[PDB]
Peer 1: 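So that we are looking at the same thing, I have put the structure below in structure tokens.
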Amino acid sequence: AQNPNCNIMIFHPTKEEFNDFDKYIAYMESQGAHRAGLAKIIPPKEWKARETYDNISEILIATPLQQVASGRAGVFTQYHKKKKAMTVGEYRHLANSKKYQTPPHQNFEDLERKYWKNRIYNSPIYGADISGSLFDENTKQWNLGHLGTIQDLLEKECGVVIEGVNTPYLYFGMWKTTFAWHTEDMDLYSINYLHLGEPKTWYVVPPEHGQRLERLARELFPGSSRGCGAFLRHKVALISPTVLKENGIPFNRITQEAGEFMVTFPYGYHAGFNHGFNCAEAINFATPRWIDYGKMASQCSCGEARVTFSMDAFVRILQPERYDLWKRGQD
Ligand SMILES: Cc1ccc(C(N)=O)cn1
Ligand SMILES: O=C(O)CNC(=O)C(=O)O
Ligand code: NI
Ligand SMILES: [Zn+2]
């Protein structure tokens, strides 16, 4: 078996290898990349997402989210407080202000130490889940707005046409902005391109060990667990690498820099944080190997999760027994 220790693998496709997206995902998996839950892909030197990022300041962040923490430094939840709209230019200025800017630090490890020591004592503001794309329409390779759709994948694999669309989302981050432990909706893949700015550090649990993380989460967030059998779907829980190590949870970490892609694989739990002002673009996608994960994906039906329109068809076709209960949760 390839990659038996479930290490995060890093790939350097040539420009020829960068033409066929599906083929390269399959290649990465042939090398065992999916066992980690996360892979990094460094594009060939000849590639670019767009010409410049000089003209993005007028993009609107309609609902910036202030991420307010509760708990202890290594075990906490965060809730999202809605703030007034601001442009990306205004947001960048805010990120760079004394209140929110990245502190002096020696290296990525030093900054990581500072993040887990001090995150809960601040409430950074995130511009997340903004429908849109920063890929030039003329970028033909790994353009996250031009991928084969999940609906077409399901149709190709299972023969049933379904409603729904899937399009990319933009994320404008600042120091300490945080993404909670989660897998994707319906345990889909995701792909994330860091367009511009400071790095993003990722933590990931191998898919074959995801239930170990779930068991620990139930122990660490007991009220949340009683409220919902799938509460990590709420995407609000954080557990530090120190606490994961203390509890013997297998995981890995890696830092993504501007110009790099990350792919998360079905049922690969991940979490992380931004180092400073940045902009990422991400979208979910599927392959034939996803279908079995989609069929088995556990769902939130307590009402907290609240997902996109397109997930309806996924649950309806892949999980008909669960559909009634799940749909009741969506309403
Ligand atoms: C605590 C918890 C959260 C989410 C899930 C899941 N598989 O969706 C399972 N257990
Ligand atoms: O970048 C973020 O804030 C979160 N991204 C993801 O969880 C992803 O790409 O799957
Ligand atoms: Ni994700
Ligand atoms: Zn729930």
Side-chain angles (χ1 to χ4, degrees), residues 3-12 28 31-42 67 69 71-78 102-103 105-120 124 126 171 173-184 189-194 197-214 216-217 220 232 235-276 278 280 282:
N3 193 18
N5 282 0
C6 301
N7 297 313
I8 299 169
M9 299 177 71
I10 303 164
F11 293 88
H12 291 82
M28 285 192 291
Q31 304 303 292
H34 56 294
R35 297 197 61 175
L38 181 70
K40 176 181 289 195
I41 308 91
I42 295 169
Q67 302 187 295
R72 62 178 170 106
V75 180
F76 63 91
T77 57
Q78 58 185 11
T102 317
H105 58 282
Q106 294 291 344
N107 48 43
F108 291 169
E109 181 172 349
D110 188 29
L111 197 64
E112 180 185 37
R113 182 190 61 80
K114 292 177 181 296
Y115 173 85
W116 288 107
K117 182 181 180 177
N118 300 314
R119 159 69 183 92
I120 60 168
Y126 210 177
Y171 301 80
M174 65 170 61
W175 166 233
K176 278 174 178 172
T177 57
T178 301
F179 52 109
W181 281 106
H182 70 283
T183 62
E184 303 303 308
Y189 297 70
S190 67
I191 179 163
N192 182 301
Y193 181 69
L194 189 52
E198 303 317 306
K200 190 185 301 276
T201 290
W202 300 69
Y203 304 92
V204 59
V205 174
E208 66 200 65
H209 300 304
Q211 292 188 328
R212 295 185 186 218
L213 180 70
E214 293 171 354
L216 177 63
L220 293 179
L232 290 176
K235 304 201 292 183
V236 298
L238 278 302
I239 306 165
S240 74
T242 297
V243 173
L244 293 181
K245 281 207 176 308
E246 287 174 340
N247 287 279
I249 310 302
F251 74 97
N252 282 294
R253 75 191 85 192
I254 193 168
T255 296
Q256 174 194 23
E257 298 186 73
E260 303 179 339
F261 290 92
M262 306 298 297
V263 164
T264 82
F265 293 88
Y267 195 59
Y269 274 102
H270 53 283
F273 65 90
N274 294 308
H275 291 206
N278 63 17

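Nothing fancy with the numbering, it's 1 onward along the sequence. Atom set for the values below is all heavy atoms of this structure, side chains included, hydrogens, waters and symmetry mates excluded.
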Peer 1: With sequence neighbours left out, write down each residue that passes side chain to side chain contact (heavy atoms under 4.5 Å, CB included) with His34, or none if nothing qualifies.
Peer 2: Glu29, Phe265, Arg289

Peer 1: Below 4.5 Å, heavy atoms only, C-beta onward: do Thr264 and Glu184 meet side chain to side chain?
Peer 2: yes

Peer 1: Determine whether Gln31 and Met9 satisfy the following criterion, side-chain contact (heavy atoms from CB on, under 4.5 Å), listing intermediate values before the conclusion.
Peer 2: CA-CA 9 Å; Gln31 304 303 292; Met9 299 177 71; 3.9 Å; yes

Peer 1: Taking all non-hydrogen atoms of both residues into account, name the closest pair between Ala73 and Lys117 and its distance.
Peer 2: CB-O, 4.1 Å

Peer 1: Can you tell me if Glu214 and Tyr269 form a side-chain donor-acceptor pair at under 3.5 Å?
Peer 2: yes

Peer 1: For residues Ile249 and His209, determine if any side-chain heavy atom of one lies less than 4.5 Å from a side-chain heavy atom of the other.
Peer 2: no

Peer 1: Checking side-chain contact (heavy atoms from CB on, under 4.5 Å) for the pair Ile254/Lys40: CA distance, chi angles, key distance, verdict?
Peer 2: CA-CA 9 Å; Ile254 193 168; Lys40 176 181 289 195; 3.9 Å; yes

Peer 1: Name the orientation class of the two ring planes belonging to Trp181 and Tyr203 (parallel below 30°, tilted from 30 to 60°, perpendicular beyond 60°).
Peer 2: tilted

Peer 1: Side chains of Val243 and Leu220, heavy atoms from C-beta outward: is any pair under 4.5 Å?
Peer 2: yes

Peer 1: Under the side-chain contact (heavy atoms from CB on, under 4.5 Å) rule, what do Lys176 and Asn118 come out as? Steps first, then yes or no, please.
Peer 2: CA-CA 9 Å; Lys176 278 174 178 172; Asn118 300 314; 3.5 Å; yes

Peer 1: Is there a side-chain contact between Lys200 and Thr255 in this structure, where contact means two heavy atoms from C-beta onward sitting under 4.5 Å apart?
Peer 2: no

Peer 1: Return the minimal non-hydrogen interatomic distance between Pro207 and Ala36, and the atom names on each side.
Peer 2: CD-C, 3.9 Å

Peer 1: Yes or no on side chain to side chain donor-acceptor pair (under 3.5 Å) for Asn192 and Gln256, after CA distance, side-chain angles and deciding distance?
Peer 2: CA-CA 10 Å; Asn192 182 301; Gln256 174 194 23; 3.3 Å; yes

Peer 1: Does anything in residues 235-250 pair up under side chain to side chain donor-acceptor pair (under 3.5 Å), and if so which pairs, sequence neighbours excluded?
Peer 2: none

Peer 1: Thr178: which residues meet the side-chain hydrogen bond (donor to acceptor under 3.5 Å, both in side chains) condition with it, sequence neighbours left out?
Peer 2: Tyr115, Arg119

Peer 1: Side-chain contact, heavy-atom cut-off 4.5 Å: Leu213 with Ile239?
Peer 2: yes

Peer 1: Can you see which heavy atom on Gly210 is nearest to which on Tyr267, and at what distance?
Peer 2: C-OH, 3.5 Å

Peer 1: Kindly compute the distance separating CD (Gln211) from CG (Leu216), expressed to the nearest 0.5 Å.
Peer 2: 14.0 Å

Peer 1: Ignoring hydrogens and angles, tell me if any N or O in the side chain of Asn252 forms a donor-acceptor pair with the backbone of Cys6 under 3.5 Å.
Peer 2: yes

Peer 1: So, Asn278 side chain and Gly197 main chain: donor-acceptor pair closer than 3.5 Å or not?
Peer 2: no

Peer 1: Is it the case that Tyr126 and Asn274 place a side-chain donor and acceptor less than 3.5 Å from each other?
Peer 2: yes

Peer 1: Please state whether the rings of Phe273 and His275 are parallel, tilted or perpendicular, taking 30° and 60° as the class boundaries.
Peer 2: parallel

Peer 1: When you compare the side chain of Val263 with that of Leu38, does any pair of heavy atoms fall below 4.5 Å?
Peer 2: no

Peer 1: Output all residues satisfying side-chain hydrogen bond (donor to acceptor under 3.5 Å, both in side chains) with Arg253, sequence neighbours left out; order by chain, then residue number.
Peer 2: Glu112

Peer 1: What closest approach, in Å, do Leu232 and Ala237 show between heavy atoms, and which atom pair accounts for it?
Peer 2: CD2-CB, 3.9 Å

Peer 1: What distance separates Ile120 CD1 from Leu238 CG, expressed to the nearest 0.5 Å?
Peer 2: 11.0 Å

Peer 1: Between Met28 and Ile41, does a side-chain contact (heavy atoms from CB on, under 4.5 Å) hold up when you go through it step by step?
Peer 2: CA-CA 10 Å; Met28 285 192 291; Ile41 308 91; 3.6 Å; yes

Peer 1: Considering residues at least two apart in sequence or located in another chain, which fulfil the side chain to side chain contact (heavy atoms under 4.5 Å, CB included) criterion with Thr102?
Peer 2: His105, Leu111, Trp175

Peer 1: Taking the side chain as everything from C-beta on, heavy atoms only, tell me whether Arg35 gets closer than 4.5 Å to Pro206.
Peer 2: no

Peer 1: Could you check if a side-chain atom of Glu257 sits within less than 4.5 angstrom of a side-chain atom of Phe108, using non-hydrogen atoms only?
Peer 2: yes

Peer 1: Between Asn5 and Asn7, is there a donor-acceptor pair closer than 3.5 Å when you use the side chain of the first and the backbone of the second?
Peer 2: no

Peer 1: Would you please name every residue forming a side chain to side chain contact (heavy atoms under 4.5 Å, CB included) with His12, sequence neighbours left out?
Peer 2: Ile10, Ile42

Peer 1: Which label fits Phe261 and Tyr193: parallel for a plane angle under 30°, tilted from 30 to 60°, or perpendicular past 60°?
Peer 2: tilted

